[PDB]
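Chemist: Below is a structure I'd like to ask you about.
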């Protein structure tokens, strides 16, 4: 683990070291050591005021098609890949940190992909969960529930706090990446 | 784990680097980090509208003869085996260019991976009549009286991860197929 | 773990190594060895005297918007971040423990940030939980609970003991950090 | 992990290295990462159609005197012991100096065949075959007359049982092959 | 000797191996599925406590810890004497220590083996336990979880423990044969 | 882990290595491999003969204000702290027999270990009125009506492990005290 952090650390620019702390210290550690157990009882303590068998199963599924923690884990995997794909290609090309030559296209594309992956996952969070605040009460009318059934979410306030934290840090990583693009564009295209 | 990956990563060709990345970061990490706890309550939260004792047991067993995550773990072990068999056999002969007797092993090893990957993709489709999980399963196996209604836990999340794994597996098939294109053009056309 | 502790402790001053012992041995170890499993049944054995569905969910959420251990985990991440940020920037300059030059500004700011983070989290603990004692009984009247219902907290006394222990150690870490600022401000501002 | 596997790998014959992969990657991995959790709810989800207290306890105990995964773990420990003994004895033999190897190596292979066959035999006799039934009928005290009990995940347990039995049979053939190679050179080679 | 290191350490690793990867999960549900035919609150708590004052696996864990110490105490005494002599520079004494540690291991192995027999009046676990401790009214029938699997692992641990007694005794008599001769 | 164990093992006196083996193999290993699973169901299997909601919660809290394993975990951290702090203070001077300035720190570290062990042993006695756990506790705290009967989980096993930890701690106190005599007899002879 130290080698992986050190290996990525030694092959990054000035801001590329700041970006690595924001990813490991906050996105990963908070997801692992603080937020994973907040969502542990997400369906166990989902409570619906009904006597209909199977009503709770389909109402929880309707309102949480994918868990927040599963969405964040997918985002972290998608974002860490370009940062390490450029390293694996570097080892291959070297076998056969300033930016020059062919590495310029790979590094710039990797920065571009992370911005796209960041914004896409942030947009999925907003659209799917119609905001970043979790409600105490959800009203569900999917079959087999009769009419509209009241259901109550487990730990809505604590999940809102961690949702705001994850979204805000993701926005910071967006700003740090578009800034790095500006520096590369100034040095290369505006440098001419 | 880091040492094991380093051995496989070093002894690979140009495409084999991309294939190794797709295998570890996607097949393994999603299965371990994100998919494993989705299937945690597959039978605990399986709910059947009945009063018949034992009806839930036979009904869950009918519609899920093997879990999705258990089927994916078997696929990973079978796919990862030819890669490590090549390394073990190569180290034995010592006691990346492809030439000599190692050519027959490498070409065969990739061929097995396509067979294993497509076979497990076929079993997924046949056993689960598609890649989309349903909310409701109807059930008439003994001792369930007539047809009973049963409800699946987290069907939408399970579909999302199923679609992801099938799509990534399809990518791995194409990468292995293109290897046989760059190996037969070197041999048959040369 | 040994390398990370070995890396941080080497690049530290006299008191700054005492501060590392109070952080690792007491804040981290108490949190993960003892305190974490004290809070494991926090909502499972939250008991409310009522027959209203969903009333337990909203009353627990009202009185524990975020768990104590989750608050402490976030505090430890924030407090330890400036120390590691200094280490990462130090390697940046060397590839490009007396305090001199421009390293003075980074070290002094890192100490200042840690005091602010420590006091902020200590302030949030007091405001959110109206003191450092956990009560046996909470009275809750949030919807959909009818009138006011009686709810009972799990292990309030053990949680009070660990809450006092964490606050006291955090206050000690504040005192050590303030002392270090006094030493540095003697050299520079009092020197003039 | 890497060191223990690496140590046993370096001191082995041509076939014996094929035996190492078929033991670790398949016996241990399927047992650890796929099969152990399948048996996790074996008694929790065991359901008996009765109102008699204590009837579920004795019926499960009657039909599962020892769990499949516990039986496989014991077999893996016993099968891997002769290889462990050889390495420990070989290190001691080197220290004493600071033919004989042939006798220990042949005997270790012999014990592995006996241990594999004995455990495979116990699986057959104890569970009257390799297929798990959905319904067991139990009349042990204190169950009144005969009660119906339902097994948890019988189909998934059958799939893994068939898998471990088949891999074990392959191991027996590999050890027999190595046993014949040594016999032909020494006894028939006179 | 050959039995002194190879056989004794392998049997020790075997006992640890059984305890962790096999035995621990067998006892994980000992009180959860302890079932008593009664309606008396607290009756199940005191009946389980009466018949299982300490769990089998917890007793085995104490055995393996106590059996390990005489060897470890020998190493500390041996290493300290060598280093202290080496630093000062900058057999006969060991023999009375080595034979003592072997003697202690026999004593510990037999003492724990005897405790197993007396505490559980045998090595076979029963399906049914009859309990009459307060507050249970009259005698209450209670049912043990997985008694057959627990008997199989008990036999495995006892038999391996008894072999270690014979191996330790064999080495002890071997030294005392030479010492007298 | 071997670095931590090796570090303390290397820098210790003749008796200081005996105290080290009785702390790891017995205090730590038994707390980790045997004791923590004994206390796992301490409140889940705590049973009270009542129909009053919340009565079980306050009765368990009254009679077990802090768990035995949590009290032991705190004691181990406090007892092991001075032994480590010697190394950190020693390594500080090294990169910048007992004699010199080390004599005052080592003697003080021994002194704190005895005080911490005695304080925690005293807390165990005062808080839990002896070292034997009872099967039945009578509780009358609000909201329990009158006095209710509550039954502890695994009281005999907990008593067995409680006796073992107290006995080993008393052995540790004697070992620390005997090292307080070897150091003091040398200076007393000098006086």
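A short reminder: the numbers here are calculations on the coordinates, not readings from a lab. Because the Cβ atoms are built from the backbone with ideal geometry, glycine has one as well, and the counts that use them run over all protein chains shown.
Chemist: Specify the residue that is farthest from residue C:35 (Cα to Cα); the eligible residues are those in the stretch C:127-142 that are in contact with a helix residue (DSSP H, G or I) (Cβ under 7 Å, 6 or more places away or on another chain) and assigned to a loop (DSSP other than H, G, I, E, B).
Modeler: C:142
Chemist: Yes or no: the stretch B:92-108 includes at least one residue that is assigned to a helix (DSSP H, G or I), within 30 Å of residue A:43 (Cβ to Cβ) and more than 10 Å from chain D (Cβ to nearest Cβ).
Modeler: For the stretch B:92-108, residues assigned to a helix (DSSP H, G or I), within 30 Å of residue A:43 (Cβ to Cβ) and more than 10 Å from chain D (Cβ to nearest Cβ): absent.
Chemist: Please specify each residue of the stretch E:51-91 satisfying the condition of being more than 24 Å from residue F:20 (Cβ to Cβ) and either surrounded by 11 or more Cβ atoms within 10 Å (Cβ to Cβ) or at the interface with chain F (Cβ under 9 Å from one of its Cβ atoms) (or both).
Modeler: E:51, E:52, E:53, E:54, E:55, E:56, E:57, E:58, E:59, E:60
Chemist: Follow-up question, since we're still on this one. Only one residue in A:6, A:16 is more than 9 Å from every other protein chain (Cβ to nearest Cβ), closer than 22 Å to residue C:77 by Cβ and either surrounded by fewer than 18 Cβ atoms within 10 Å (Cβ to Cβ) or in contact with a helix residue (DSSP H, G or I) (Cβ under 6 Å, 6 or more places away or on another chain) (or both). Which one?
Modeler: A:6
Chemist: Give the residues of the stretch A:170-192 that are over 17 Å from residue A:23 (Cβ atoms) and surrounded by 13 or more Cβ atoms within 10 Å (Cβ to Cβ), sorted by residue number.
Modeler: Listed by number, the residues that qualify are A:181, A:183, A:184, A:188.
Chemist: Something else now. Out of the stretch D:19-31, which residues are facing another protein chain (nearest Cβ under 9 Å) and surrounded by fewer than 19 Cβ atoms within 10 Å (Cβ to Cβ)?
Modeler: Those that are facing another protein chain (nearest Cβ under 9 Å) and surrounded by fewer than 19 Cβ atoms within 10 Å (Cβ to Cβ): D:20, D:21, D:25, D:29.
Chemist: Provide a single number: the residues in the stretch C:5-14 that are over 20 Å from the mean Cα position of the chain (by Cα) and part of a helix (DSSP H, G or I).
Modeler: 5
Chemist: So how many residues does the stretch C:143-169 have that are surrounded by 17 or more Cβ atoms within 10 Å (Cβ to Cβ), out of contact with any helix residue (DSSP H, G or I) (no Cβ under 8 Å at 6 or more places or on another chain) and more than 8 Å from every other protein chain (Cβ to nearest Cβ)?
Modeler: 1
Chemist: Any residue that is assigned to a helix (DSSP H, G or I), more than 18 Å from residue A:164 (Cβ to Cβ) and more than 22 Å from the chain's Cα centre (by Cα) - is there at least one of those in the stretch A:36-56?
Modeler: Within the stretch A:36-56 (the criterion being assigned to a helix (DSSP H, G or I), more than 18 Å from residue A:164 (Cβ to Cβ) and more than 22 Å from the chain's Cα centre (by Cα)), the answer is yes, since at least one residue qualifies.
Chemist: Then there's this: Give me a count of the residues in the stretch D:62-88 that are over 15 Å from the mean Cα position of the chain (by Cα) and closer than 29 Å to residue E:11 by Cβ.
Modeler: Number of matching residues: 8.
Chemist: Here's another thing I want to ask about it. Please tell me if residue A:177 is over 23 Å from the mean Cα position of the chain (by Cα) and either part of a loop (DSSP other than H, G, I, E, B) or more than 14 Å from every other protein chain (Cβ to nearest Cβ) (or both).
Modeler: no
Chemist: While we're on this one: For residue A:134, which of the numbered conditions (1) over 26 Å from residue A:31 (Cβ atoms); (2) within 14 Å of chain C (Cβ to nearest Cβ) fails to hold?
Modeler: Among (1) over 26 Å from residue A:31 (Cβ atoms); (2) within 14 Å of chain C (Cβ to nearest Cβ), the lone unmet condition for residue A:134 is (1).
Chemist: Follow-up question, since we're still on this one. Please determine, by comparing only the residues of the stretch E:35-50 that are touching a strand residue (DSSP E or B) at 6+ places or on another chain (Cβ under 8 Å) and more than 10 Å from chain F (Cβ to nearest Cβ), which one is surrounded by the most Cβ atoms within 10 Å (Cβ to Cβ).
Modeler: E:47
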